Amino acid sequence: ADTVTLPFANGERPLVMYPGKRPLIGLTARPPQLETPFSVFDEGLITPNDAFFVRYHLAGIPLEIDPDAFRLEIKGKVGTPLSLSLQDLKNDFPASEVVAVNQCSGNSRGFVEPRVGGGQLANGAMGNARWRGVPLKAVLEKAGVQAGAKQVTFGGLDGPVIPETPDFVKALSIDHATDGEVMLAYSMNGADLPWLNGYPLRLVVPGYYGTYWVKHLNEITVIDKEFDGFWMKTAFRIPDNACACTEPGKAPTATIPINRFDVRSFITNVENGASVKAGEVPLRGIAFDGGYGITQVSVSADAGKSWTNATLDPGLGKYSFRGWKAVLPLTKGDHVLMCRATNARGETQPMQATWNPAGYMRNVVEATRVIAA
């Protein structure tokens, strides 16, 4: 019954209700792809489980799982292959926790100009949660990684409807996989993983785009070569340059797999055409990056002619959303508000949006017109 319209062409979407979820923006049904209403991001720094976005590639998602029977298999170039129950993971290994943003490669694709094919998302394919589980490092150490290992592949319970369609399998470098931060998450915000967020176990890859965060994770293979599965070799490629970008309409000459997040920020308490009271106007929002730390968030009320430094909220960790607040004097009339974040290694946001064929990695300085009266 209920619909919303996202602020780009062909933006109409159903509001849809899934078990364990509040109403969310329905993108596709088979498999489910659900985007989070932008308003949620102003409700607090941690995205609630019932609001968290959902993205899947293949229709054959699991719809019945016996948690007692579930096993995580660790195999390949390891001294001792492992078959681990959820009880084993919880009891036999120390637990780690991290507050980390998960964000889709193509979050904000709907705003890319010229428009490109793929998932037509507004900014709601991101969320921040407190993940708990076992560092992958500990499980791989138990198995015993062999010298010459180069990569680790990750596969889950989901599958293609037609077996010829490539299986969803991702890979990380061995040094990345064993870094101690890559996590086998069994808990999200103090609860078992919501079904569509990968019950009962998923990979969490802090500071990397969501494609690596394999859900319903049951198969881990240590390999002595580069993995050339479709979803690494062909999908999720970005231009192999600093801007990860090309001239509108042009293919890159060389590509690499998508990897770390770029710096993003948003004003969360106002939206286009919002009314504010002329005078001191309180603004707030979020910012995040690939895990280097947000150094500053600057705010403008004159379309970037001048900037005021926001006060950063106390942090929840380097991979988390970082809240910020600013109070700006707005004269009566229209004002174009902008926020721009920089991190501890000098990464920032461009004033003008760039482009790539897949519409990945958007991070342009966000503009929001408000009316002061």
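Start at 1 and count along the sequence shown; that's the residue number.
- Between 364-372 and 4-12, it is 364-372 that carries the larger average Cα temperature factor according to the deposited entry.
- The PDB entry reports B-factors from which the mean C-alpha value can be compared for 207-215 and 156-164; the larger average falls on 156-164.
- Across the residues 202, 176, 71, 233, the deposited record lists the maximum Cα B factor for 233.
- Per the PDB entry, 273 shows the highest C-alpha temperature factor of the residues 198, 285, 273, 117.
- Ranked by C-alpha B-factor against the other modelled residues of its chain, residue 93 falls in the highest third.
- Annotation for residue 250: C-alpha temperature factor in the highest third relative to the rest of the modelled chain, per the entry.
- Per the PDB record, residue ranking by Cα B-factor puts residue 131 in the middle third of the chain.
- The deposited CA B-factor of residue 45 belongs to the lowest third of values across its chain.
- Residue 23: CA B factor lies in the lowest third for its chain, per the PDB record.
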